[PDB]
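Engineer: There's a structure below that I have some questions on.
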Amino acid sequence: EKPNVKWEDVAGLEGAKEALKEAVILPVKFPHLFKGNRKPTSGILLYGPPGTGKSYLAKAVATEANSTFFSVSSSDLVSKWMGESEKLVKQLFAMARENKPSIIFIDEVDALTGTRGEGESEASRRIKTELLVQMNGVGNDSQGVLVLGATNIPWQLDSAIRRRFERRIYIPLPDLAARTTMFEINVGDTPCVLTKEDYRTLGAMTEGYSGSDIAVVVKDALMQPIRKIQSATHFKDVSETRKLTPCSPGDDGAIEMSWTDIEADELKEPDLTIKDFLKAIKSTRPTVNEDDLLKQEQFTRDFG
Amino acid sequence: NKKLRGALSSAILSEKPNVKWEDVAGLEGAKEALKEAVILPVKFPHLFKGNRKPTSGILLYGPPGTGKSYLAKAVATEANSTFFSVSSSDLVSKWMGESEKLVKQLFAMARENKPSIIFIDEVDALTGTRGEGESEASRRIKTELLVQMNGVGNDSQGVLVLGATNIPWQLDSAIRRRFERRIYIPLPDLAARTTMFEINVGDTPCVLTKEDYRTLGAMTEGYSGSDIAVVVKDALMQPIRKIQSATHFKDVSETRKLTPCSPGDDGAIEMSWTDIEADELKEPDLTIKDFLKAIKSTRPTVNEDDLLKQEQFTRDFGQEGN
Amino acid sequence: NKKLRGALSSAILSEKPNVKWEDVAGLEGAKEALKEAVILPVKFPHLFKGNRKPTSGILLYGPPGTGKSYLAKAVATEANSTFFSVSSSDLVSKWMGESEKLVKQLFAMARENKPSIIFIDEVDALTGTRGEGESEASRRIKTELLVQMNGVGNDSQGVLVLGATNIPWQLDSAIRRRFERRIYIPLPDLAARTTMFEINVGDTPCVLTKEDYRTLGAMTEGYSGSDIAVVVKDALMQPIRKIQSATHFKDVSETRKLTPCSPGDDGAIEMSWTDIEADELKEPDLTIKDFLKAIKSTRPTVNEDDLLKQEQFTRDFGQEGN
Amino acid sequence: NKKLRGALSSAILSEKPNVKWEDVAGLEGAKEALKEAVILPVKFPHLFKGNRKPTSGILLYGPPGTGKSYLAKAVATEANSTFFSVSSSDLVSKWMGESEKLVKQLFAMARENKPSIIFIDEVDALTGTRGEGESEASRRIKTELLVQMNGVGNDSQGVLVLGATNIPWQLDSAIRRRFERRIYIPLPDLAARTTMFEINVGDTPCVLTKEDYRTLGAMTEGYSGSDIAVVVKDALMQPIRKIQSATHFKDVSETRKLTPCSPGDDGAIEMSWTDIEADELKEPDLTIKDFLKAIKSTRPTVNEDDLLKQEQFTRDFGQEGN
Amino acid sequence: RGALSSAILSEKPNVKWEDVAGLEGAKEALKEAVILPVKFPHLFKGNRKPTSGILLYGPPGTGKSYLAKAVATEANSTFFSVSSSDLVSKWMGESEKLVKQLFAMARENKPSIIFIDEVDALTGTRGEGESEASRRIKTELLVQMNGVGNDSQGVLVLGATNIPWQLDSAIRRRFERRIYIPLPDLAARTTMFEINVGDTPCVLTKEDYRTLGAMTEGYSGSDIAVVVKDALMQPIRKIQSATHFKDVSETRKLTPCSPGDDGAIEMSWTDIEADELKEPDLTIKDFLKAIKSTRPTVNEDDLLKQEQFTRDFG
Amino acid sequence: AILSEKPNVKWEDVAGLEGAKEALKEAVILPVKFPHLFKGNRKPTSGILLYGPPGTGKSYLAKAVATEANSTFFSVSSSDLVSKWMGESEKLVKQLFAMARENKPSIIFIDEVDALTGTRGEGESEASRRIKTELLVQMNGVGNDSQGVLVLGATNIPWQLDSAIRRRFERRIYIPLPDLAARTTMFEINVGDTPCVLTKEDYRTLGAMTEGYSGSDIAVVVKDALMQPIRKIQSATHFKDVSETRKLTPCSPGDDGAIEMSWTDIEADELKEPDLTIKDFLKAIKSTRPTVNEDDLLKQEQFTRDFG
Ligand SMILES: Nc1ncnc2c1ncn2[C@@H]1O[C@H](COP(=O)(O)OP(=O)(O)O)[C@@H](O)[C@H]1O
Ligand SMILES: Nc1ncnc2c1ncn2[C@@H]1O[C@H](COP(=O)(O)OP(=O)(O)O)[C@@H](O)[C@H]1O
Ligand SMILES: Nc1ncnc2c1ncn2[C@@H]1O[C@H](COP(=O)(O)OP(=O)(O)O)[C@@H](O)[C@H]1O
Ligand SMILES: Nc1ncnc2c1ncn2[C@@H]1O[C@H](COP(=O)(O)OP(=O)(O)O)[C@@H](O)[C@H]1O
Ligand SMILES: Nc1ncnc2c1ncn2[C@@H]1O[C@H](COP(=O)(O)OP(=O)(O)O)[C@@H](O)[C@H]1O
Ligand code: BEF
Ligand code: BEF
Ligand code: BEF
Ligand SMILES: [Mg+2]
Ligand SMILES: [Mg+2]
Ligand SMILES: [Mg+2]
Ligand SMILES: [Mg+2]
C-alpha cells in the first residue's frame, strides 16, 4: 500500500535507513546478487523510546518497498476464544507465503512476548509458541517474508524471540540537523517570515524532543493566529481596499469588534513569528525520563 | 470424519527439507539414538522380533538455538517414513471437546501410514504440570495425549513421537514418563564450532586455512549454532558493503572486469557500483578481518543461569547428547 | 439413541490384549481384589445370593508407571466379560447436552450386555470437584455419571466400573463415595523387581543366573516398572550395538556362523556386519555388564514429594496394594 | 406433542424399589415431614380444606452418603402416587427452547396425573445462582423452573417437588425460596449406626450379640450410611477368604458337611474347596474378628470441613433432621 | 394464532386489593394506570396520556407476582401472562412473528394488560447470546414498545424481576416507573397473620398477632404464609400423637387430652369415628413453635445490591 | 441504528450555555462561514468532545451547531452500538462515516463515547477491539477526506473515556449545569400551554428554587406537577360544587358546600379536577432530587482547566 512516505521524508539515523534499504531494496532491485550462501535478512527488531519514528519508518518501507505490507498489531491478535489467537497468526503467514515478497510489521511486539515467567498458560505459551514455530520451524519456509517489530520495553522480551530477531537496531533520541529538518517539513507551504537561522534557532532550542512533540509544537504554532482572530476584541486597518487585523485594546485605529463583524477576505490574519514557536515549545512538554534511557542502553550493550 | 481429515491434510509435509546428517555438527549421541530408533527398524525389520522392540518416544531438550528443530529436519530428510510436523495451531479448537478428536484423529491417521514419526515441536506448551491450568485445555488435552500414547486399546506400534523443548522442568511427570529417552542437546564445543564455520562458508571463495577456522572456533566460546550462522551471514555480507562503499574501482584480469579498490591505486577510476555494467563486476575476497568484524558487531543470546537449570534436569532425569 | 450408540460402539474393545495374571509382578492385593470382584461372581454365581453382593467399583491410584493400566489389560484378558474402555474423548461432544446422553447410553449398553466392565481411564479429568468448573461439562457430565452409577431407578447389577488416576486428591467426594474400594498401586519392591527382570528378558539366550537377577533387583531401588522395561530394552539393544562396533568377526560351531571378536583372535577376519550373509550371524549373549551399563545410563521418573501426597491420600481414604 | 411424550414416556417409573420406612435407619424428623406431606393428604383428603393446604416443595441436603436418595426410594414405595424421576439428561435438548418446552410439558403431565411426585435428583446442577452462567441454559431453564413452580397461571395443586443436593450453598435464592422446607440429613449417631449394622447383616448366620453391634457402632464415629453398607459388604466376604485359604477341611453335624480347619485336627482331611461337592460345604459363621478385620481395612469417606459448610447452611436457612 | 393464545388466562385467581398487606404506593400507581383510564376515559385527552410501562422489582418473595394476580382479578381487562417459553422457536423468523402477533392480538382485545414475567430471561445484553433468540426478539420488542401515542388503550406492560441490575439500559428506559417492593414492616406483618389464619378457630387476640408481628422482623410474605401453614398443621400433630381422648359438649365429640383426666379414655385417632373428632384449638405456642423451626430466606447482601439499584435508577 | 436529520435548532433554542456556544461558534462556525481562512496547513478542528454531567441536552446543543453550520446531523449511541447491535457495529461505524462523507457539510454525533472506548486491556475481542479500532481508523479520515465532516463526541463520565479515543478529540468543551434564567425558561417550556395560574414571578420562583437541577430533572418535576389536579380529582372524600350542570372538586373537611364522599360516588364527567398552581410544583420539587453530583462541577472544571 503506497501513499507518499519516502526515504527522503525521514530525519536522522542513516544506520537504520541503510540496514533497511539493504534488507528490502538490495534483494528487490537485485535478486541476482543473493545466490549460494548469501541470503537476505529475515527479521529486524527496531526499538527505542516512544515518539522516535519507528512505525513511520516501517511505512516508509511499505511505500518504498514494492512489497506487500500487513500492518497488524498486538491489538488485533488478542482474542478470548481458545486458540483463536493462533489461527490469525497462521493465516497471516499463509497470505504472506502466497504473496512473495512480503513484509509483516508486528507493532509493539512486547505485548505478545512477555518473558514467560509470570504469564498465563494459554496466551503465553500458545501465542509465543506459535510465533516461534511459525517464524522458522520445520515445515514452514520463511522465504521472502521479513518480520519487523517495534517495542519500547526490549528487556521484557523472551530470549527465544530475542534470538529470532537477528538484527536488534536501536533508535535513539535525535540530534540537531534532524530537528531542524522536521520543523522545515512540518511548516509545509504555510506563509512564514522565518529564515534558516530561525529554524536553526528552534532546533537548537528543543533538545530532548521526539518527532511527535515537534509535530505538535508545529500544530499549536499553526493554530496561534486563528486563535487571535476569533477570540478577538478590537481590530485595525492597515496598508487593495480595506484590510483589518487583531490589535490590543486602544491602538492606532483600533475599532472594537469581532471576526464575525468583518467582511469576507478583508481580514489581515496574524503572521507566523518565531515567538509563536517559542510559545508552543514552552507550553508543550515531552514524555521521557532519564532512567528509562539507562535500561535501553543496558539492553543495547548486552544484545543490540 | 472427513472434516477432521480436511483439517489434518495440511500436516503431511511434502517437500523434504534437504538437510543431511553430515550438516548437523557435533552431537553423535543424539544422532546415534535417532538412527537406531528411526533408520534401523525399517532397514532391517527381521531383527526386531520377540522381546526386542523399537523405541517409541524421544525428547530432545536444551538451551535455545542449539540444534533441536534442525536435527528434526535431518530426520525428516533421511528417515524414509511419513512425517507429521504437528503444532499447537493444529490441535486446539473452539467447540468444547473438538480438540481431543484431533489428537485421537492424528494418531488414528498415523497408524494408517505406518511407519510414522510425529514431531511435536515445543511440547511444553501443551503439557504444563497441571497444578494451575484450566479444566478443559489442561485435563483434556493432556489426558488424551497420555491415554493415546500408551493406554489400553491403543497399540503404539510403529509410531514414534519426537518432541523438543526449552523448559524441560515444566513438564508433567506422566509425560516425562512417556518420553523414554530424554536426550540433552548442549552448547557446542571447539570441534563443533570449527565444523560449523567450515559448513556455513559453503563453497564461497575464501583465503582461509584450517588454522584460521581453528582460530575462530577458539575465539567464539559461548556461542550457539544460530550465532555462528549469523556471524557467517554478516561476514559474507561485508564484500557487498565494499562495493556500495566504493569511491573507486579498478580493472583486473573475458572483456572488462572491475572490483573495489582504495582511493588512488593501479588503475583506480572513481565511480559507484551503479556506474558499472551488468556482470562486469568483480567482487571482493574473504579474509579473517571480515569474520573478526562480524564477531565484534554480533552479540550473543544465552545467559549462564539457564544452563544451571538445564544441567539440573540432566543430572536428575536425563541422557547426554554428546 | 442409535446415533449415540453408533458413536460409542467403538469403545467396547475386542482385541483382548494378551496379558495374563502371571505377567504382573508384585501387587498380590490388587490382583486379589480384582479376582474376587470379576472372576469369582461369574465362575460360582450360586454363592453370591442373599446379602453377599459383588463389588461395584474399584479405583486404582498410584504414581506414574506402576501397573494400573497394565492390570486393567490383565482383567481384559482374563475376565470373560464385555470389557468396555471409555475415556474423556468419547463422552464430551459439541451440541449442547449430547455429552450426557452419551454417558447415559454408555451405561445402558453395559446393562444390555451384562456382566460388563467399564474402564474409565484417568477419571480425574471427567470429575473435578465442581466448585470452579463450567456449567455444561462440569455439572452435567459429572452429574449424569453420579446418578447413573447408583441413582434411584438405575440398578447397577452386574456392571463393574473401574478407573485409574494419578491425582486422587482432586476427585469429587461423591465420586470418591461411588468407588467403594480405593486400592493403592505403589512403586515396586525387591521380589517384584527380580520378577520383572525375569519376565522382560523373555526367552532371550542369556548366561544369567538367579543370583544375577537377584543382583540387579538389589541394584535398582527406586525404579518403577516402566524403567525396568526400558533397561531391559536397552540391554537387549547392546549386542546389536557391539555388532556395529566390530571391526572383526570370527567363525564358530549348520553351515557358517560368525560373531564379533576383538582385533586379532582365533579365526578373526576383518569385516563389518554389512559384509556378512543373511542369518549366518551369531549374536553375542548378555553380560551383567550390559545391564549395569543400562542402569547407569537410565534414570528414574519419580521424585519424593509426590510420594508424600500419595501416602497422605492412602492414610486418609485408602487401601494398601501390597 | 407425541414426539415429546414419546421422549418422556421413559420417566414414569414402574418398578417400586422395595425400601420401606424401617429400612431407613435414623431420621425421625425427615420421615415425619415426608409422611405428612405425601402419605397423609391421600389417606385423609377431607382434612385439607380451607386454609390447611399440603406442602409443595421439600429440599433434602447433607453430606454424601447419608440417606437422601434412599429416603426418596422409601417415598417411591410407600406413596401410592405417580413418581416421576427426572434429571438434567432429560431436560436439556438440542433445539432452541426445548429445555423450556420440556419442563412445561413435565409439569403438565404431572398435573394430568395428580397426585404426583417429581424427584429432581441433584438440583444443584440445574440451578446455579445465575451470576456467572450462560444465557440459554442458565436464564431459560432456571427461569422456566421458577415460573412453572409457582407463577401466575400455573396451579401447583397436588404436585410435590422433592430434590436432593450436596452443595446447598450454591443454590439460587429464588429456588431456595421455592423449596419451602429445607431439611438436613446428617451423619448418623450411635443408635442409628447400631441399627444400620443390624439391618445390613440381614438374616446371615452370625454369632454376634447386641453388645457386639453396640461395640461396632461405638467404633465407627464419622461414617455415613454408605460406609457402613460397605463394611458389611466386605465383612460378608470374609467366610469365602477362609474357605479358599483352607489346606484341610473336616466333617461336622443331612448327609456330609465339611468346613475349613487347621492342619491336623479331629477328622482333618487335606483338600481344597475345589475338591468338595456342591452344597456340602460348611462356611464359618460371621464371627466378630471378621467385622474387626473389615473396620480396620475400611476408612471414612467424608472429611471434616465439608461438615462446617453444611452446618453453616443449616444455621442460616435450615431445619434439623434429627 | 393458536399457539400464543395459550397466554390468555381465564380462571381469575381471586385475590382482591385488600389481601396484599401494605404496599400503598404500588396500589396507588397501579390504580391510576389500570382502573382510572377505563372508569373515566374522558380525562385522558390532549397532553394527558396514560402510563405505558411499569417495572416492579425487589428481593425474592415480597409480593410482585401476587400483586400481578390482584391486577388480574380486579382489572376487567384481557390479560396475557406470556413468558420466554412461549416466544422463542427453532425456525428462524418465528421469534419475530410471535412477538408481533402478541401485540396485534393485544390490540384485538383492548384494553390489554400484558405481564411479561421475569424480563431478564428474554433480554440479556446481547454481547454473548446466540443469533436467533437474543437479537431479533429484543430488537422487535424494543420497536413494539416504542408505540407511545398509538397505545392509548390496550398495552400496559408490567414486569417483575429479582435481578434488576442485570437488565439492559434500553429496557430500563422503556419501563418508565421502576417501583421497589420491599420486605414488610410491622403493621403489614400483623395484617398478614390476621389474613392467613382465615376463619380458623383460634384463641388469639389482637395483642397476640401484634406480638408475632413484633417477633418476625426480616421475614417476607412467603415466610409468614408458611409459618401459618406449619402452625395450622400443629393440631394434627396433637391428634396423631395421642394416647387418650375425651368427650366434650350434636352427638359425641372427642379431643386429645393428657393421660388421666375428666373422662379420659385411652385410644388413638384411628379408633375414633368419622367427624366425631374435636380438632384442638390454635394456641400461641403453635406459632412460637413454628417461628422457632422456620428460618428466614433473604440474605442481607442481596439487599445491598437492591438498594444500590434503587439509589441509582429507581 | 443511525439517525440522520437536518435539524432546526437555533442557538436561542438552547437554554444558556453561552460559553460553549461561543466556543463552538469559533471552533465550527467560523471555519464554515469563511472557508478561505483555511488554505494550506491551517485546518479546522474535526473532533470535539462535549463533556459534563447528564441532563444538559449535549445532544440538543449538538443539533444547534449543525443547524447553524447548515449541515446534516448524523448520530449514533455508543451504548446501543456496544450492546444492541454488537455483531454489526463495525459495519455501522463504517456506514456512519460513509454517509457523512457523501453528505458534506455534515456532523457526526457519537453519544456516550465512554460506553464504547474502555482502554482495551480487559475487553472482549469483537466489541472491544473491533468497535474501538474502527472509530479510530475513521477519525483518521480527516486526512483521506479531512474537509467537510466533523465528529462531536458526548460523554457524562469523561474520566472513563479511553485515552486513545480521548486523544482524537482535539477540542474539548465543558457543558455545565444550567442557571436561574434557563431553569425559568425550562419550566415555561415544560408546561407550555397547560392550563395553570402561574405568574411570571412564580416561574422565576420555580427557577430560583431549583439550583443544581438539570433540564431532565426539571422535565420530570414538571411532568409530576401537571398531574396534580388529576391526582386530586381522582382521590378525595369531601368534595364541593363550583361554577353546565353540577361540577364537584376535592376540598378540605368542613368548607363552603363540603359534602362527604369519594370519587367513586361522583358521576361521570361532573368531577372537577383541581386547577394548576405554582405552589403545587414546589411539591414536585421536594419529591425529585437533582440527578447530578456536586463534585462534577470540579471534575468538569478540571477538564476545562486541562483540555478546555
Ligand atoms: N525521527 C522522526 N523523523 C521524522 N518524523 C518523525 C520522527 N519521529 C516521529 N515522526 C513523525 O511523528 C509521527 C508519529 O511517529 P510514530 O512512528 O508513530 O511514533 P512511534 O515511533 O513512537 O510509534 C510519524 O508519522 C512521524 O512522521
Ligand atoms: N549443531 C548445529 N549444526 C548445524 N547447524 C546448527 C546447529 N545448531 C544450530 N544450527 C543452526 O540453527 C538453526 C536451527 O535452529 P535450532 O538450532 O533448531 O533452534 P532450536 O534448536 O532452539 O529449535 C539453523 O540455522 C542451523 O543452521
Ligand atoms: N507390575 C508390573 N508387572 C509387570 N510389568 C509392569 C508392571 N507395572 C508396570 N509394568 C510395565 O510398565 C509398562 C507401562 O506401565 P503401564 O501399563 O503404562 O502402567 P500405567 O498405565 O499405570 O502407567 C507396562 O507395559 C509394563 O511393561
Ligand atoms: N440412613 C440410612 N439407613 C439405611 N441405609 C442407609 C442409610 N444411608 C445410607 N444407607 C445405605 O447407603 C446407601 C447410600 O444411600 P444413598 O441413597 O445412595 O445415599 P445418598 O443418595 O445420600 O448418597 C444406600 O443404598 C443404603 O444402601
Ligand atoms: N402482600 C402480600 N399479601 C399477602 N400475601 C403475600 C404478600 N406478599 C407475599 N405474600 C405471600 O407470599 C406468597 C408468595 O408471593 P409471590 O407472588 O410468590 O411473591 P413474589 O412473586 O414476589 O416472589 C404470596 O402468594 C402469599 O402467599
Ligand atoms: F501409571 Be500409568 F502412567 F497409568
Ligand atoms: F445422594 Be448421596 F448423599 F451421594
Ligand atoms: F419476588 Be418473587 F420471588 F417473584
Ligand atoms: Mg526450533
Ligand atoms: Mg496408564
Ligand atoms: Mg444420591
Ligand atoms: Mg414471583
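By order in the C-alpha cells, chains are A, B, ...; within a chain, residues start at 1; ligands start at 1, following the order shown.
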When you get a sec, could you note down which chain A residues fall within 10 Å of chain B, using only C-alpha atoms, as a ChimeraX atom specification?
Structural biologist: /A:22,26,33-34,36-41,81-90,120-130,132-134,136-141,159-164,166-168,300-304
Engineer: Which chain F residues have any atom within 8 Å of an atom of chain E, and for each, what is the nearest pair of atoms with distance in Å to one decimal, counting only C-alpha atoms, rows sorted by chain and number, as a Markdown table?
Structural biologist:
```
| residue | atom | partner | partner_atom | distance |
| --- | --- | --- | --- | --- |
| F:82 | CA | E:127 | CA | 7.8 |
| F:83 | CA | E:126 | CA | 5.5 |
| F:84 | CA | E:126 | CA | 6.0 |
| F:85 | CA | E:126 | CA | 7.8 |
| F:86 | CA | E:127 | CA | 6.3 |
| F:127 | CA | E:127 | CA | 7.9 |
| F:234 | CA | E:36 | CA | 7.9 |
| F:268 | CA | E:40 | CA | 6.8 |
| F:269 | CA | E:42 | CA | 7.2 |
```
Engineer: Show me, as a PyMOL selection string, every residue of chain C with an atom at most 9 Å from chain D, counting only C-alpha atoms.
Structural biologist: chain C and resi 50-55+95-98+100-101+104+131+134-136+138-140+143-144+147+151-153+173-174+176-177+180-181+315-320
Engineer: Would you mind listing what lies within 6 Å of residue 61 of chain D as a list in words, with only C-alpha atoms counted and same-chain residues fewer than 6 positions away left out?
Structural biologist: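 Contacts, with the query itself left out: residues 164, 165, 166, 184 and 185 of chain D.
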Engineer: Taking only C-alpha atoms into account, which residues of chain E are within 7 Å of chain D, as JSON, numbers by chain?
Structural biologist: {"E": [9, 60, 65, 69, 85, 88, 89, 90, 121, 129, 198, 229, 232, 293, 295, 296, 297]}
Engineer: Excluding residue 214 of chain D and any residue of its chain fewer than 2 positions from it, enumerate the residues within 10 Å of it, using only C-alpha atoms, and give them as a PyMOL selection string.
Structural biologist: chain D and resi 190-191+193-195+197-198+209-212+216-219
Engineer: Run DSSP on the backbone and give me the residues of segment 22-171 of chain F it puts in strand (DSSP E or B), as a PyMOL selection string.
Structural biologist: chain F and resi 47-51+72-77+106-111+149-155+171
Engineer: Kindly give the distance, in Å, that separates atom 4 (F, counted along the ligand's line) of ligand 7 and atom CA of residue 9 of chain D, rounded to a single decimal.
Structural biologist: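 Separation of atom 4 (F, counted along the ligand's line) of ligand 7 and atom CA of residue 9 of chain D: 26.4 Å.
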Engineer: Please provide as a PyMOL selection string all residues within 9 Å of residue 177 of chain F, with the sequence filter that same-chain residues fewer than 2 positions apart are discarded (counting only C-alpha atoms).
Structural biologist: chain F and resi 17+52-56+175+179+212-215+292+297
Engineer: How would the residues just chosen look if you wrote them out with C-alpha atoms as a PDB file, in the first residue's frame?
Structural biologist:
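Output file result_4.pdb is given in full below:
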```
ATOM      1  CA  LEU F  17     -24.549  27.541  27.678  1.00  0.00           C
ATOM      2  CA  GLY F  52     -20.319  17.400  31.584  1.00  0.00           C
ATOM      3  CA  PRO F  53     -22.949  15.942  33.926  1.00  0.00           C
ATOM      4  CA  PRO F  54     -26.093  14.266  32.395  1.00  0.00           C
ATOM      5  CA  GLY F  55     -29.248  16.229  31.655  1.00  0.00           C
ATOM      6  CA  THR F  56     -27.700  19.220  29.902  1.00  0.00           C
ATOM      7  CA  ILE F 175     -21.208  21.633  29.208  1.00  0.00           C
ATOM      8  CA  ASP F 179     -28.821  28.665  35.641  1.00  0.00           C
ATOM      9  CA  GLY F 212     -28.465  22.324  40.670  1.00  0.00           C
ATOM     10  CA  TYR F 213     -31.322  20.754  38.688  1.00  0.00           C
ATOM     11  CA  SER F 214     -30.907  19.774  35.034  1.00  0.00           C
ATOM     12  CA  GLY F 215     -33.321  20.150  32.142  1.00  0.00           C
ATOM     13  CA  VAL F 292     -26.102  15.282  39.202  1.00  0.00           C
ATOM     14  CA  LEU F 297     -18.545  20.961  38.731  1.00  0.00           C
TER      15      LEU F 297
END
```
Engineer: Could you give me the residues within 8 Å of ligand 1, counting only C-alpha atoms and all ligand atoms, as a list in words?
Structural biologist: residues 9, 10, 11, 12, 49, 50, 51, 52, 53, 54, 55, 56, 57, 58, 174, 178, 182, 210, 211, 212, 213 and 215 of chain A
Engineer: May I ask which of the residues F:76, F:285, F:196, F:37 is the closest one to chain A, counting only C-alpha atoms?
Structural biologist: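 Between F:76, F:285, F:196, F:37, the residue approaching chain A most closely is F:37.
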Engineer: Tell me which of D:149, D:208, D:33, D:7 sits closest to ligand 8, counting only C-alpha atoms and all ligand atoms.
Structural biologist: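 Ranked by minimum distance to ligand 8, first place goes to D:149.
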Engineer: Report as JSON, numbers by chain: the residues of segment 36-190 of chain C with a DSSP assignment of helix (DSSP H, G or I), based on the backbone of this structure.
Structural biologist: {"C": [36, 37, 38, 39, 40, 41, 42, 43, 68, 69, 70, 71, 72, 73, 74, 75, 76, 77, 78, 88, 89, 90, 101, 102, 103, 104, 105, 106, 107, 108, 109, 110, 111, 112, 123, 124, 125, 135, 136, 137, 138, 139, 140, 141, 142, 143, 144, 145, 146, 147, 148, 149, 168, 169, 170, 173, 174, 175, 176, 177, 178, 190]}
Engineer: Considering only C-alpha atoms and all ligand atoms, can you say which of D:71, D:42, D:4, D:34 comes closest to ligand 11?
Structural biologist: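 Distance minimum relative to ligand 11 lands on D:71.
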Engineer: Please give me, as an MDAnalysis selection string, the residues lying within 7 Å of ligand 8 when counting only C-alpha atoms and all ligand atoms.
Structural biologist: (chainID D and resid 174) or (chainID E and resid 58:65 160:162)
Engineer: Restricting the output to N, CA, C and O atoms, write the selected residues as a PDB file, in the first residue's frame.
Structural biologist:
```pdb
ATOM      1  N   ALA D 174     -33.896 -17.608  44.614  1.00  0.00           N
ATOM      2  CA  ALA D 174     -35.292 -17.790  44.248  1.00  0.00           C
ATOM      3  C   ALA D 174     -35.707 -19.243  44.361  1.00  0.00           C
ATOM      4  O   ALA D 174     -36.868 -19.546  44.664  1.00  0.00           O
TER       5      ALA D 174
ATOM      6  N   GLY E  58     -37.598  -6.024  43.400  1.00  0.00           N
ATOM      7  CA  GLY E  58     -37.473  -6.238  44.819  1.00  0.00           C
ATOM      8  C   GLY E  58     -36.685  -7.479  45.134  1.00  0.00           C
ATOM      9  O   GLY E  58     -36.111  -8.094  44.247  1.00  0.00           O
ATOM     10  N   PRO E  59     -36.618  -7.855  46.402  1.00  0.00           N
ATOM     11  CA  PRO E  59     -35.986  -9.099  46.780  1.00  0.00           C
ATOM     12  C   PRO E  59     -36.929 -10.254  46.515  1.00  0.00           C
ATOM     13  O   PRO E  59     -38.104 -10.016  46.224  1.00  0.00           O
ATOM     14  N   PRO E  60     -36.477 -11.503  46.583  1.00  0.00           N
ATOM     15  CA  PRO E  60     -37.380 -12.617  46.288  1.00  0.00           C
ATOM     16  C   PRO E  60     -38.427 -12.826  47.361  1.00  0.00           C
ATOM     17  O   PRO E  60     -38.110 -12.933  48.537  1.00  0.00           O
ATOM     18  N   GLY E  61     -39.675 -12.894  46.945  1.00  0.00           N
ATOM     19  CA  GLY E  61     -40.742 -13.319  47.809  1.00  0.00           C
ATOM     20  C   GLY E  61     -41.517 -12.244  48.501  1.00  0.00           C
ATOM     21  O   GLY E  61     -42.089 -12.511  49.550  1.00  0.00           O
ATOM     22  N   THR E  62     -41.587 -11.051  47.942  1.00  0.00           N
ATOM     23  CA  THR E  62     -42.121  -9.915  48.654  1.00  0.00           C
ATOM     24  C   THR E  62     -43.440  -9.411  48.121  1.00  0.00           C
ATOM     25  O   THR E  62     -44.012  -8.509  48.725  1.00  0.00           O
ATOM     26  N   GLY E  63     -43.926  -9.921  47.008  1.00  0.00           N
ATOM     27  CA  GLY E  63     -45.258  -9.542  46.603  1.00  0.00           C
ATOM     28  C   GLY E  63     -45.497  -9.237  45.145  1.00  0.00           C
ATOM     29  O   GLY E  63     -46.615  -8.894  44.790  1.00  0.00           O
ATOM     30  N   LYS E  64     -44.496  -9.407  44.291  1.00  0.00           N
ATOM     31  CA  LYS E  64     -44.567  -8.921  42.921  1.00  0.00           C
ATOM     32  C   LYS E  64     -45.564  -9.702  42.085  1.00  0.00           C
ATOM     33  O   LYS E  64     -46.518  -9.131  41.549  1.00  0.00           O
ATOM     34  N   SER E  65     -45.367 -11.012  41.963  1.00  0.00           N
ATOM     35  CA  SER E  65     -46.281 -11.846  41.196  1.00  0.00           C
ATOM     36  C   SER E  65     -47.658 -11.882  41.822  1.00  0.00           C
ATOM     37  O   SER E  65     -48.656 -12.025  41.119  1.00  0.00           O
ATOM     38  N   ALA E 160     -41.977  -8.150  36.372  1.00  0.00           N
ATOM     39  CA  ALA E 160     -41.374  -8.291  37.677  1.00  0.00           C
ATOM     40  C   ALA E 160     -39.991  -8.871  37.505  1.00  0.00           C
ATOM     41  O   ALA E 160     -39.723  -9.517  36.511  1.00  0.00           O
ATOM     42  N   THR E 161     -39.106  -8.632  38.461  1.00  0.00           N
ATOM     43  CA  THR E 161     -37.780  -9.223  38.396  1.00  0.00           C
ATOM     44  C   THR E 161     -37.153  -9.252  39.774  1.00  0.00           C
ATOM     45  O   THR E 161     -37.518  -8.486  40.657  1.00  0.00           O
ATOM     46  N   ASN E 162     -36.198 -10.159  39.951  1.00  0.00           N
ATOM     47  CA  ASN E 162     -35.407 -10.195  41.165  1.00  0.00           C
ATOM     48  C   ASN E 162     -34.002  -9.689  40.973  1.00  0.00           C
ATOM     49  O   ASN E 162     -33.325  -9.417  41.962  1.00  0.00           O
TER      50      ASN E 162
END
```
